[PDB]
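Let's start with one chain on its own, the form deposited in one PDB entry, as structure tokens.
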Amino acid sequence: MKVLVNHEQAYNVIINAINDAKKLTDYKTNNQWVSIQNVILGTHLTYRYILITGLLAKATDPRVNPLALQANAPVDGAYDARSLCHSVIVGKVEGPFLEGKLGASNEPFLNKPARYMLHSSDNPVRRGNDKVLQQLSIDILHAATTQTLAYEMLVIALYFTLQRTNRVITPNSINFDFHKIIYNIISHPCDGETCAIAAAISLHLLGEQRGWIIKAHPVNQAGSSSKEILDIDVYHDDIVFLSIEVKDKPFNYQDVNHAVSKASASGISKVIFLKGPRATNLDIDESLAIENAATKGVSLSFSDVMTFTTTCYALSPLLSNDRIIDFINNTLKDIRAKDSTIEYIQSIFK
């Protein structure tokens, strides 16, 4: 029998749970607390939302099955977990009460791990820590057999949520030099985010004085979105005059043509195609790609990410290290960088 969870009640329940978490002293009351700590403080965004939503639902309505994700799941107490998460947690709670400390995802239940009828170990999962966190979060929800236990675990979960850090790099280093920072940032792929960050902060060095507005987008935002042309779009006088495609994996001529075509369809006449350290083994005829782009009205050029950063640095006026850190921090917020990216970059400044 499917269930309708009352969204006004779930809102009141999670407000009370947050106020309790803000005064919580003994978080070791329930024996799921280590599992809850590891999921909430982990780097997997979607399992945080799934865990909070399941516990909230069961704390609000004892009829629900906390392992159900969709209303038509073939279990008793199935419910539409996506709508509870997006309307209450995303729409009303995480911003004002949690400072985006779950990750500030707009639609976490469209992420692949949430697009299932049940939160289940049958659901395919990336190997390694993601598979471990999948089982931990299943175990917690499976342990939430009463409203009271679910509420107890919800408070512990939000207590650990409130401990999470933001997307801010604090430079403990007295001073770093730009080239060494870039070199360490792009040595690890970090889901494609580090090469995009290196490209973005390099544009900031040259755009600072010319009034450029650099818009780097979340790397998992799709080219079909109206919110972007390519990976990074550069505005002067409210108009995109240059777009950048970054590749930190191997690419072929069709990848290039796909980016050129998106720029051509939006009337952007200059494109830079940047090859990160993993864009290797590429016998690709760049002059033919550039010729093809030219007929489509796009001026296309190529560069390694490292060469692009050192050339931007050499051409720019030198600004305080404080200003470079600002570029990094603003870019990390703009692309809603992942936890592992934040931790990796923070470790560079230590």
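Only residues modelled in both forms are compared. Whichever C-alpha set is largest while still superposing within 1.5 Å between the two forms counts as the rigid core. One-based numbering along the sequence shown.
The same protein also exists as the form deposited in another entry; that form is not shown, yet it is the one meant from here on.
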After the core is superposed, which of these residues, 203, 153, 84, 102, moves its CA 2 Å or more between this form and the one not shown?
203
Does residue 332 shift between this form and the one not shown by 2 angstroms or more at the C-alpha, the core having been superposed?
yes
When the two forms are laid on each other by their rigid core, does residue 280 show a Cα shift of 2 Å or more between this form and the one not shown?
yes
Against the rigid core, is the Cα displacement of residue 21 between this form and the one not shown at least 2 Å?
no
Checking the C-alpha spacing of residue 344 and residue 129, a student should find that in the other form it changes by 3 angstroms or more, with the atoms farther
Please check whether, in the other form, the CA atoms of residue 106 and residue 338 lie closer or farther apart than here, given a change of 3 Å or more.
closer
Core-referenced shifts between this form and the one not shown - contiguous stretches of at least three, CA at least 2 Å
168-170, 174-317, 320-350
